[PDB]
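Engineer: Pasting a structure here, questions to come.
As structure tokens, then:
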């Protein structure tokens, strides 16, 4: 049940700005169930790839999360970054919209005129997002346990009980977050998940925007995002160490992981 794409990874290849694949992108013409989207895809992945939908936070737009599009897509994923129907949509709505974005990627996969016709394995999907869009990604995972992976950043949700989530979940947290403080948001959410493979990666001295476009830790955060998606969406055990390891980075102020084997 593995779906391996690309060459055997190294720390260097995963820390680099781009993976091996050429990336192209397009705006979605008639978004269905969300405000706007950009689709990033590899032109040449050598097989179908999984799809990942990424949602910004309250007031925010695609620009905040855009860096993930090329970063992931270059490693062999189809990535859709969205704007929400309103910038003031709440976590539940962001989750519906995220899923709508995945549905619409599946639609384009079956549309002969689309640049992503036949490129997507619609059975292998993941979710990411910032703040309320991170809470939305956790809600998506709770409500859709067939998702293969979740990797929210600086998550915000008025509930921290995600105990039903069985989807492999990487929580990026920002140490000095004053919007969704770690000790009331990201850590309780992480500790609530008792049934899954999971990880907690807190970025040293990070503000609430520490994993957004233009951040100073794209080597480390990009490595870990891509590794987690590869291990869990692709069942690619070449990535078990990169996904599950303490990355031994001075950029990391707190590292925790459970049910995450280093074994390949």
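In the deposited numbering, the protein residues as written are 30 to 293. Each residue gets a CB set at the ideal place from its N, CA and C atoms; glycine is no exception.
Buried or exposed: where does residue 296 fall if 16 or more other Cβ atoms within 10 Å of its Cβ makes it buried?
Structural biologist: Missing from the structure shown is residue 296; the chain here goes from 30 to 293 and no further.
Engineer: For a test of the three-state rule: what should DSSP assign to residue 251, helix, strand or coil?
Structural biologist: Taking the chain shown and counting its residues from 1, the one referred to as residue 251 is at position 222. Note: residue 251 maps to helix in three-state DSSP.
Engineer: Where does residue 103 land, buried or exposed, given buried means 16+ other C-beta within 10 angstroms?
Structural biologist: Position 74 of the chain shown, counted from the first residue, corresponds to residue 103. Buried: at least 16 other Cβ atoms inside 10 Å.
Engineer: Taking its Cβ as the centre, do 16 or more other Cβ atoms sit within 10 Å of residue 291, making it buried, or is it exposed?
Structural biologist: Here the question's residue 291 lines up with position 262 in the chain shown. Per the 10 Å Cβ criterion, exposed.
Engineer: Let me know the secondary structure DSSP gives residue 48 once reduced to three states.
Structural biologist: Within the chain shown, the letter at position 19 stands for residue 48. Coil at residue 48, not helix or strand.
Engineer: With a threshold of 8 Å between beta carbons, is residue 235 in contact with chain D?
Structural biologist: Of the protein chains in the structure, only one exists, and it is not chain D.
Engineer: DSSP beta-bridge partners for residue 69?
Structural biologist: The sequence position of residue 69 within the chain shown is 40, counting from 1. 54 and 108, per the DSSP bridge assignment.
Engineer: Helix, strand or coil: how does DSSP classify residue 273 here?
Structural biologist: For the purposes of this step, residue 273 is identified with residue 244 of the chain shown, where counting begins at 1. Helix.
Engineer: Would residue 181 and residue 161 be called neighbours here (beta carbons separated by less than 8 Å)?
Structural biologist: Here residue 181 refers to the residue found at position 152 when the chain shown is read from its first residue. Here residue 161 refers to the residue found at position 132 when the chain shown is read from its first residue. Cβ distance not < 8 Å, so residue 181 and residue 161 don't count as in contact.
Engineer: Using CA atoms only, rank isn't needed, just tell me which of 74, 171 and 46 is closest to residue 223.
Structural biologist: Your numbering for residue 223 matches position 194 in the chain shown. When only C-alpha atoms are compared, the closest one is 171.
Engineer: Within the same chain, show all residues whose beta-carbon is closer than 7 Å to that of residue 191, passing over the 5 residues directly before and after it, in chain order.
Structural biologist: Start at 1 with the first residue of the chain shown, and residue 191 comes out as number 162. Contacts found: 167, 171, 218, 221 and 222.
Engineer: Taking all protein chains shown into account, do 16 or more other C-beta atoms lie within 10 angstroms of the C-beta of residue 275, making it buried, or fewer, making it exposed?
Structural biologist: Here residue 275 is taken as the residue at index 246 of the chain shown, counted from 1. So residue 275 counts as exposed.
Engineer: Excluding sequence positions up to five away, which residues of its chain have a Cβ less than 8 Å from the Cβ of residue 267?
Structural biologist: Within the chain shown, the letter at position 238 stands for residue 267. Excluding positions up to five away in sequence, the list reads 33, 37, 38, 259 and 293.
Engineer: Going by DSSP, which residues form a beta bridge with residue 185?
Structural biologist: As a first step, residue 185 is located in the chain shown; it is residue number 156 there, counting from the start. Paired residues: none, contrary to the question.
Engineer: State whether the stretch 47–61 contacts the stretch 91–110, with contact taken as three or more CB pairs (one from each stretch) at a distance under 8 Å.
Structural biologist: Yes: at least three Cβ pairs fall under 8 Å.
Engineer: Using DSSP with H/G/I as helix, E/B as strand and the rest coil, what is residue 97?
Structural biologist: Here the question's residue 97 lines up with position 68 in the chain shown. Residue state, collapsed to three classes: helix.
Engineer: When DSSP labels each residue in this structure, what does residue 148 get in the three-state scheme?
Structural biologist: Your numbering for residue 148 matches position 119 in the chain shown. DSSP places residue 148 in coil when its eight states are reduced to three.
Engineer: Would you say residue 227 touches the ligand NAP, meaning its beta carbon is less than 7 Å from a heavy atom?
Structural biologist: What this structure holds is no ligand at all, so the ligand NAP is not there to describe.
Engineer: Using the three-state DSSP reduction, which class does residue 218 fall into: helix, strand or coil?
Structural biologist: Numbered from 1 along the chain shown, position 189 holds the residue referred to as residue 218. Here residue 218 sits in helix by DSSP.
Engineer: Assign residue 72 to buried or exposed, taking buried as 16 or more other Cβ atoms, counted over all protein chains shown, within 10 Å of its Cβ.
Structural biologist: Within the chain shown, the letter at position 43 stands for residue 72. Exposed, because fewer than 16 other Cβ atoms sit within 10 Å of the Cβ of residue 72.
Engineer: Three Cβ pairs or more, each shorter than 8 Å: is that satisfied between the stretch 74–86 and the stretch 54–62?
Structural biologist: No contact exists between the stretch 74–86 and the stretch 54–62.
Engineer: Given a cut-off of 8 Å, decide if residue 159 and residue 94 are closer than it, judged by their beta-carbon atoms.
Structural biologist: Taking the first residue of the chain shown as 1, we reach residue 94 at position 65. Taking the first residue of the chain shown as 1, we reach residue 159 at position 130. Yes; because the gap between Cβ atoms is below 8 Å, this pair is in contact.
Engineer: Tell whether a beta-carbon distance below 8 Å holds between residue 109 and residue 66.
Structural biologist: Indexing the chain shown from 1 puts residue 109 at position 80. Indexing the chain shown from 1 puts residue 66 at position 37. Contact: yes.
Engineer: Can you give the beta carbon distance from residue 233 to residue 282, rounded, assuming they're within the 8 Å contact cut?
Structural biologist: Mapped onto the chain shown, residue 233 falls at position 204. Mapped onto the chain shown, residue 282 falls at position 253. Residue 233 to residue 282, Cβ: 4 Å. Contact.
Engineer: State buried or exposed for residue 230, treating a residue as buried only when at least 16 other CB atoms are found within 10 Å of its CB.
Structural biologist: Within the chain shown, residue 230 is the residue found at index 201, counting from 1. So residue 230 ends up on the buried side.
Engineer: Does the Cβ of residue 152 have 16 or more other Cβ atoms within 10 Å, making it buried, or fewer, making it exposed?
Structural biologist: Position 123 of the chain shown, counted from the first residue, corresponds to residue 152. So residue 152 counts as exposed.
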